[PDB]
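What follows is a short report on a single structure.
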Amino acid sequence: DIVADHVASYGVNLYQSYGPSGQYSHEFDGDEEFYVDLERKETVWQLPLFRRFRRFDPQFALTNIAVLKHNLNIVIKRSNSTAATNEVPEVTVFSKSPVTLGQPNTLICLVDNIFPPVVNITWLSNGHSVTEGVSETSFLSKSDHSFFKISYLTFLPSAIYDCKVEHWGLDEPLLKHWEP
Amino acid sequence: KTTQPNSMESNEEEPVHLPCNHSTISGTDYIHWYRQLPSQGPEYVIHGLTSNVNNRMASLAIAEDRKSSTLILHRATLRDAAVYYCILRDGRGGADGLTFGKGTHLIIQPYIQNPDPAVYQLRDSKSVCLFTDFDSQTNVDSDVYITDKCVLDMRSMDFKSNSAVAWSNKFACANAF
Amino acid sequence: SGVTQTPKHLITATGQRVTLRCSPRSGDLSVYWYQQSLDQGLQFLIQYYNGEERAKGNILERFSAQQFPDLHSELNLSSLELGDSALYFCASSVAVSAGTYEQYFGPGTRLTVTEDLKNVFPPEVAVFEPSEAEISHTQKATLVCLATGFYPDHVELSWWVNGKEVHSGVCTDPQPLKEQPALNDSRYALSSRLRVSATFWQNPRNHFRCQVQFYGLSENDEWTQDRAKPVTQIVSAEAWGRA
Amino acid sequence: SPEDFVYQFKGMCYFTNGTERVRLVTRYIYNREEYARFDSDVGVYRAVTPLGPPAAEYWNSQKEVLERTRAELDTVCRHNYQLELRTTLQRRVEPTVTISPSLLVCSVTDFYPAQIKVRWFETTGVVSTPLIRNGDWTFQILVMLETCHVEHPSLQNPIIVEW
Amino acid sequence: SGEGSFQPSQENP
Ligand SMILES: *[C@@H]1O[C@H](CO)[C@@H](O)[C@H](O)[C@H]1NC(C)=O
Ligand SMILES: *[C@@H]1O[C@H](CO)[C@@H](O)[C@H](O)[C@H]1NC(C)=O
């Protein structure tokens, strides 16, 4: 490791036996530049700027995950089949900008210390589940090898909201509350 | 795309410099050289990224601007006469880069100092004609068959004079070329 | 290198479907399939890594492949056509990539696809004795072999002096020659030379033999022509010395 | 709860003073245990835990595997930095500063990059949240206090917001 | 000019 001017992951490669599933994404200074939809075989950049000027071949991703799948098989045997331990994630909710009644905003649900990277994050306007207006990031890497994931909800401030998180490291599902 | 000379002749014992162009090489691209002996399958020679590389087989000199390269073989024998492909591959791999192009035919003949060109007719143990002892830099009708200059057995260690054959079942053995 | 491939030689009719096997180097996990044609050079077809498919090139829909659990691969070419007559190479790699790793190739399959299996002919081989002139002029003597009228050019020429194969003074045509170049199904010619010293030839107890190994049809082959079956065989011609 | 075996590979570049110092580290990780790594500073593969020797011993025994991972400093690090230089590193984003009592909070919302300097005009009896990350290339930072002058690399003249 | 990327090394069978 280091404490350098700019830290970049040109390949957060991820693959797990459960599913099975995997993730390929590049990061710069702790933010996600793009992930690759492994089933759609399409490089999905995360800023318009990047979409206008940067190109990455999804094939390099699919190749890399093929290696992880094999690699995982040998390390499973060598580790005498040592399974991943579930972590207890922490959840924070906050707004992209200060709240003004009748001014469009975005709620931001930070799910932190995710391991394994398998999670449900679902928003709640009162008791009801919000289907539309939701977006999220991929699992972003932490130097302690766990992940964080941020979910977003565009909303109109009115006269309550809940971020509902399901994870194997929790007993019951966790709901973090937020009101204006 | 890479571009290479079509054909190349060099004498036995001597160093050979095989050229290759690739002006649009990328920063993620490696240069690969493969050979393929006539009957046999192809085989790896060397690969590189920048400056110079040498393995127990050959040497590879990539240009300062990386837009050309040279496969160098320090000593060449009949066993080095083969086709030489020059390939750009991404260090990571993938489809576009696996396919070998046309390559270069590297001919290795012995240095004949003073040729003795002659035509000889032969009896059947029906007859055939033979053109032999001629220099390298010479290139060789309806019912008259002429073979192109022969290629030596790589495992040959003596009587290494090249020759061509012209026959017909029709035939003026003198008037052939 | 340690890449095995079967069958070495293959002759089939049009419309038919055959399958090429290949076992890669033991340690290796990748297999590549290649097609070398006179007109296309050495073309990449399909790659398999660790069982599942990895990279496709210009494989036709008429083509199919897969890599089995024990890591060997098969390649099936369906509705065979004239133009499919080519040299088919299997390759092997330790890892998924060949960008920084070397590729180890197999012997390859020699596949000819003919209009009718009737066009298959074994060669006629003749040995021609060196001239009195070459002996008087160069003090050297050159025997010439001639293998004629065979189809296809699945043929190996070897020179034999007194039961032990020779390589010195051996010089042979690069490719066999088309006897009737007009025809797509033309029969082939091929010539070779053996140059030995005059005193070696002038030995009457010296036995020279030009061997030509022809790769033809197998036991399991329906043959319905008046002439003999053009199976895999060694057709040979020989000559002795003279003083 | 369902059983799971996790694999991670982290190809990381480290840039200092432009590229006057470049360094790469690739990390092979079983679940959360990094077991083998390649540091461009060492130049060979090394086992991080007793889970690594078989992998590292085997990787150093292949010249091809060594030279290629070594080369990734040019073909991954140096190669991508030029493309960062064109894009990421020119992404200057103007922050938004307002003041709201709760203490009078000087929240500074939506800016890029991270380097920022918020101070109260010029006493110090303050409290400030860590540098919050939105996950979409903007940062939040609320600077509580029991005129707010905010300095960010993107602003020519520094932003000054009175009470 | 496309993006470069690291490639993981094969674990040994
Ligand atoms: C796995 O099991 C073997 C044999 O019981 C033991 O000696 C070895 O230390 C174990 N390996 C690990 C990584 O726990
Ligand atoms: C997400 O919800 C589905 C459906 O209720 C459930 O089966 C699954 O286990 C949940 N995922 C997690 C990580 O709890």
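Any read-out appearing in this document is the output of simple, stated calculations on the displayed coordinates, not a laboratory observation. FYI the Cβ positions are ideal-geometry reconstructions off the backbone, even for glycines, and counts take in every protein chain you see.
Some points to look at:
- Among C:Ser23, C:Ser131, C:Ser78, the largest mean-square fluctuation in a Gaussian network model of chain C (Cα springs under 10 Å) belongs to C:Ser131.
- Exposure proxy ranking, count of Cβ atoms within 10 Å, fewest first, for D:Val127, C:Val18: D:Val127, C:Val18
- Mean ellipticity per residue at 222 nm, deg cm²/dmol - from DSSP H runs of n ≥ 4 across chain C, formula -39500 (n - 2.57): -1000 deg cm²/dmol
- Within the stretch C:143-243, the GluC sites (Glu not before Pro) that combine a DSSP coil assignment with at most 13 other C-beta atoms in a 10 angstrom radius are C:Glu219, C:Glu222.
- Residue of C:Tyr104, C:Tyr151, C:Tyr32 that the Gaussian network model of chain C assigns the largest fluctuation, springs spanning Cα pairs under 10 Å: C:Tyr104
- Annotation for the stretch D:102-137 versus the stretch D:63-84: alpha-carbon center distance of 37 Å.
- Pairs of Cα atoms nearer than 8 Å and 6+ residues apart set the relative contact order; for the stretch C:64-195 it is 19 percent.
- DSSP beta bridges fully contained in the protein assembly as shown are about 95 percent antiparallel.
- Three-way shape call for the stretch D:1-90 based on the alpha-carbon gyration tensor, with the a/c threshold at 1.5: oblate
- Charge dipole of the stretch D:1-70 (Cα centre as origin; +1 on each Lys and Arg Cβ, -1 on each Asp and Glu Cβ, all else neutral): 240 debye, rounded to the nearest 20.
- Theoretical FRET efficiency, 1/(1+(r/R0)^6), r = Cβ-Cβ of B:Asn11 and B:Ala118, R0 25 Å, to 0.05: 0.65
- A prolate overall shape is assigned to the protein assembly as shown, the ratio a/c of its alpha-carbon gyration tensor axes (a ≥ b ≥ c) being 1.5 or greater and a/b exceeding b/c.
- Of the cross-linked pairs A:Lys77/C:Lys56; B:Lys67/B:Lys102; A:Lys77/A:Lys176; B:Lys102/B:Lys149; B:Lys149/C:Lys140, those separated by over 28 Å at the C-alpha level are A:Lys77/C:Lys56; A:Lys77/A:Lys176.
- Proximal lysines relative to D:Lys63, as straight alpha-carbon distance under 23 Å, when same-chain residues fewer than 8 apart are discounted: D:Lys10
- Furthest towards positive pole of dipole, A:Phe28, D:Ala55, B:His17, structure part the protein assembly as shown, Cβ charges: B:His17
- Dipole moment magnitude, nearest 20 debye, the protein assembly as shown about Cα centre, only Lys, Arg, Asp, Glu C-beta charged: 1360
- Shape call, the stretch A:1-64: gyration tensor on alpha carbons, a/c limit 1.5: oblate
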